[PDB]
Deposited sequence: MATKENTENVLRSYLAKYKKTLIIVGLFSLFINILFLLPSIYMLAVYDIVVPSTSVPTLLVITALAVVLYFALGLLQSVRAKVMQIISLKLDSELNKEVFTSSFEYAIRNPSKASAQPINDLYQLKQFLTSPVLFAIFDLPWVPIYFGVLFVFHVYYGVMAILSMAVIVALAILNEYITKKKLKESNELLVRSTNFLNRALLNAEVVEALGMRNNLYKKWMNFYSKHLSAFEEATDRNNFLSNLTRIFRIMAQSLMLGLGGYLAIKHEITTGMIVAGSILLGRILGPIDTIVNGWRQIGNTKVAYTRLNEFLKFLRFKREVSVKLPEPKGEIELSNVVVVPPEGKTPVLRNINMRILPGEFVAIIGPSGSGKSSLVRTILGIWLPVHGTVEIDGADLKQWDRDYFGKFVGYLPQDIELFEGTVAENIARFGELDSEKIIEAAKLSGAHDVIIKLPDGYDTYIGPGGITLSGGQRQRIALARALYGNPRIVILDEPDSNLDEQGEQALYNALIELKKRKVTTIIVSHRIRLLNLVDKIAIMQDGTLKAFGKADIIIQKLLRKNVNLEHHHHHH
């Protein structure tokens, strides 16, 4: 719905439409200064009247240019009010969207938003705004004589024809050529993440074959598109010259007879170059209209996605299907984790324990049943506020581009106090010291500039930042060393004495004692969930 309405809010298009008209009227001046002169050459009044009409011409041209220059700065502001309102919604909606549709997710909505702003500022757009006021030119050429604009009609029927033809032989190629370019871009982006192994196992040429299934199909569309577009963009620019010259052909064949003023011989041809003018410039730069309309529809779809916790968690009749999953990954999960309770989630890798984690948090939505936090049904909590009360350390850690302090603070306001205790609790503090420029050390995208073991320590501090009521650690011991594990162990102990409801996905036995309740998963179903001492019995 809002897809069109966000651009529809700007009603200045009439204010520019009304305005475009006034521009188009002054465009007659070069043609007025054509007839006005030959109505001065014959009467031979060179010294005075020409120069007034010259002054008239120059002055009106400054007025012409003035009424034409300010049109541009309006579309620019239109592009900003367009940008500012869409800018935030694009960046926020993308994160929520890239979880429901992880297959298709990139910064393309920005580049397309960028592509639109370019269209509004582009010269081709104004060439469209000049067209709805062409019937004025169609008239002034006809009021002088009927044999003239017959060419104007019959040339328009030929020029408009070529412009229409340019679409239907490139509409099917460009829309394809633009898209497959994005697929090739994304494929390379995803692959470049794994550049390390690609170089290790030298499988760059092997991936090149795989990459060619998208790129070779892009070129085949780009070649035909530009070729056919160039073929006809040339026919429209040259027909502007021939048709103008043919006006002299009939502007002489009918001017040797005094039906036409001796000066109107030329003025008639000029007006044709302007009736057929915008269409020429349109087809010449039709790719802008192409890619900005392709970029339009692309940014279009993307925008269609638009108390205090105490510790009780509950799952009732829960079935979860992962985004783009087809098959259910969690089947009939029934569990109630009381406040301040510890929970170890053990089991094999096919179990779906990270899925139970992701659905308890609310990352994944259950297709059946409900997830209740503090009895209250989840999805009623605000995503932005609910985050300050929960802690999360995923399996893939997921640190961000920024400094250590920023990361731990979830890129909130850097509270030198809050950050220290978070690092003191997680034990991350003793690692963050060693960094060149501790706490202020720059971490590359994802955390590439840091050891995975170090990353997880810092990733823990972030989880325990601001003393959350719920803590979900998903295999926080992967990549950790002896010290890092001792740190995690201490954090759990202190956390248990603070009475923080915690869930740890871990099979490390040293921490299994302080668990109270173990949950066993198997084949996407909750096989067992009871007191830890009771589960450990059943496990021997």
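Unmodelled regions of the deposited sequence, numbered from residue 1: 1-9, 316-325, 560-572.
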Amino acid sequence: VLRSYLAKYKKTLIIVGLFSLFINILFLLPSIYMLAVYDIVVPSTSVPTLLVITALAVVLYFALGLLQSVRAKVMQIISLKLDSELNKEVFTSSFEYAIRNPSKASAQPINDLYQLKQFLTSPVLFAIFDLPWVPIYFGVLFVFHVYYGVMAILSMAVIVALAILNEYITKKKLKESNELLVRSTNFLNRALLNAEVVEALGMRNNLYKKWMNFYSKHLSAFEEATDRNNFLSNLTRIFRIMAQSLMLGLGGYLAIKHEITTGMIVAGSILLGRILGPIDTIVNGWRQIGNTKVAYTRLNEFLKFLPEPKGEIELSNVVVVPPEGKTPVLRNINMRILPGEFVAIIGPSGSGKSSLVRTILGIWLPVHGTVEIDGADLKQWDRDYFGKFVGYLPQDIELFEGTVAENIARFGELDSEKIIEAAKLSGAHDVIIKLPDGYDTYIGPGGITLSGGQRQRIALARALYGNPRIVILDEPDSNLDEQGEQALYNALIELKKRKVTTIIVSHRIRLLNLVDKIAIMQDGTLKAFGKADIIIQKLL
From here on, numbers count along this sequence of modelled residues.
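Legend: mean Cα B-factor per stretch from the PDB entry, 10-18 versus 513-521; the higher mean is in 10-18. As recorded in the PDB entry, 245-253 is the stretch of 71-79 and 245-253 with the greater mean C-alpha temperature factor. Based on the entry's C-alpha B-factors, the most elevated value among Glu413, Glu259, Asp374, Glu196 belongs to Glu259.
As recorded in the PDB entry, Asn284 shows the highest C-alpha B-factor of the residues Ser355, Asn178, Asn284, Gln108. Ranked by C-alpha B-factor against the other modelled residues of its chain, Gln118 falls in the middle third. Looking at the C-alpha B-factors along this chain, the one for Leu232 belongs to the middle third. In this PDB entry, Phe144 carries a Cα temperature factor that places it within the highest third of its chain's modelled residues. In this PDB entry, the Cα temperature factor of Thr54 sits in the top third of its chain's modelled residues, the highest group.
In this PDB entry, the Cα temperature factor of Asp130 sits in the top third of its chain's modelled residues, the highest group.
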